[PDB]
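Peer 1: Take this structure first; my questions come after.
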There are 2 protein chains.
Amino acid sequence: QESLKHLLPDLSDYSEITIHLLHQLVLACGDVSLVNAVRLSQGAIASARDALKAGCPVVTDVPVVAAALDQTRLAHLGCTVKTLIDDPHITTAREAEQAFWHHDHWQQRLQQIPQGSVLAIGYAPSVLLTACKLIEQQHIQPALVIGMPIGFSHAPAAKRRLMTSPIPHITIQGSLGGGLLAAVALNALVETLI
Amino acid sequence: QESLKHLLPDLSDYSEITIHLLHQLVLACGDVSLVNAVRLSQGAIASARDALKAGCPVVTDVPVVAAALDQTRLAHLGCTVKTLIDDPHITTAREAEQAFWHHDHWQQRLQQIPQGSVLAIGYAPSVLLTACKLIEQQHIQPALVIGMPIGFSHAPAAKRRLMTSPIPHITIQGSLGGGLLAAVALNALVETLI
Ligand SMILES: [Cl-]
Ligand SMILES: [Cl-]
Ligand SMILES: [Cl-]
Ligand SMILES: [Cl-]
Ligand SMILES: [Cl-]
Ligand SMILES: [Cl-]
């Protein structure tokens, strides 16, 4: 986070973009704690911008997250938005984990994530875990993974495993997650490019 | 708060309901801090359950909050759900406050809130301030106010002024807010009644 201010000698404005992202998160959720907790892989920002400019696919885990995307701006870039499951009313880590336990083939829908797309997981730790495993096995190659699910007690070490991965990622070290946080972050990346 | 356990010698089960509500909030947003911050007026629970059983109106501030309500369960109870503005993409304290600045007439729509309804504010502090003022002037009489918007720096003392109000309320002492928290609280009150 604050270490990421090695971004300062850069020509790039990845400094300013990172702060916009933190600012939007705080303006969404209401606590400054996120500044410590938010971890962005080096070249996360850069990977995002290159993917979006290219008009990549976006894949969210639940519909709440997709519905919070700046759908208009994204479509102007040519990005499609899809979700792993279509259950309307997911509003909780539990509701999410149960929704994904009752769906038989969402793992297949995840495997098909096209090369170099953005994967944004806001609710379910199991999805994030599976996405990590798939990435390590080199079955999916997304351009970026925003993993911000809720973190419960004696959970999948999902966010902890995400941080240690080859693929650019944005995540929240710790339990905090859910809400619209993943959509909020991706939105911040799409405003700073339009 | 923790004090709300004067509810224990009660026959009532408002104890268990209060804990379920906190459990749901924590499961939604991901931090336990909320248990301190969450404040329920005495008989908030009781007033909510009476209104919901009666098939009251539910009025949220933005569409995100309504869309996160347990729409079916609420509909079986006879509750209609409406919103003060119909702008699709509100996702941030800033986005909420400005959306409410471009609408001329949400003030009238709030004044018309029917007697004994539930008022649920998840995003805009200015709406919450207005509703307090209207309640004090005795121009609206809702059954309950879930005020859980974000609290920014140099803000209206919106959630601060709610605590000072005659009408039963559930609120978050502090800045934390937004997300789906207001919907999640009302949902907890609707499950415990079905
Ligand atoms: Cl660039
Ligand atoms: Cl399925
Ligand atoms: Cl393993
Ligand atoms: Cl009762
Ligand atoms: Cl209007
Ligand atoms: Cl005043």
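Peer 1: Do you know which residues across the stretch A:92-114 are assigned to a loop (DSSP other than H, G, I, E, B) and touching a helix residue (DSSP H, G or I) at 6+ places or on another chain (Cβ under 6 Å)?
Peer 2: A:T92
Peer 1: Scan B:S47, B:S117 and give me the residue that is in contact with a helix residue (DSSP H, G or I) (Cβ under 9 Å, 6 or more places away or on another chain) and farther than 28 Å from A:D31 by Cβ.
Peer 2: B:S117
Peer 1: Check off (1) of a type outside the set (V, I, T); (2) under 17 Å from B:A28 (Cβ atoms); (3) buried (at least 20 other Cβ atoms within 10 Å of the Cβ) for A:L162 and give me the number that stays unchecked.
Peer 2: It is condition (2) that A:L162 fails.
Peer 1: Can you tell me which of (1) more than 18 Å from B:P168 (Cβ to Cβ); (2) surrounded by fewer than 18 Cβ atoms within 10 Å (Cβ to Cβ) is the one B:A54 doesn't meet?
Peer 2: (1)
Peer 1: Kindly provide the set of residues from the stretch B:115-129 that are assigned to a loop (DSSP other than H, G, I, E, B) and within 14 Å of chain A (Cβ to nearest Cβ), ordered by number.
Peer 2: Within the stretch B:115-129, B:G122, B:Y123, B:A124 meet the criteria.
Peer 1: Looking at A:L77, A:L4, which one is more than 16 Å from ligand 2 (Cβ to nearest atom), in contact (Cβ under 8 Å) with a residue 24 or more places away in the chain, more than 28 Å from B:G151 (Cα to Cα) and in contact with a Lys or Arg (Cβ under 9 Å, 6 or more places away or on another chain)?
Peer 2: A:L77
Peer 1: Output the residue which, of all residues in the stretch B:1-60 that are small (G, A, S) and more than 16 Å from the chain's Cα centre (by Cα), is nearest to ligand 1 (Cβ to nearest atom).
Peer 2: The extreme case among them is B:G30.
Peer 1: Can you tell me which residue within the stretch B:63-81, out of those that are in contact with a strand residue (DSSP E or B) (Cβ under 9 Å, 6 or more places away or on another chain) and polar (S, T, N, Q), is surrounded by the fewest Cβ atoms within 10 Å (Cβ to Cβ)?
Peer 2: B:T80
Neighbour counts are summed over all protein chains in view; Cβ atoms, including those assigned to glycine, are modelled from backbone coordinates with ideal geometry. Throughout, read-outs are computed from the coordinates displayed, never taken from laboratory work.
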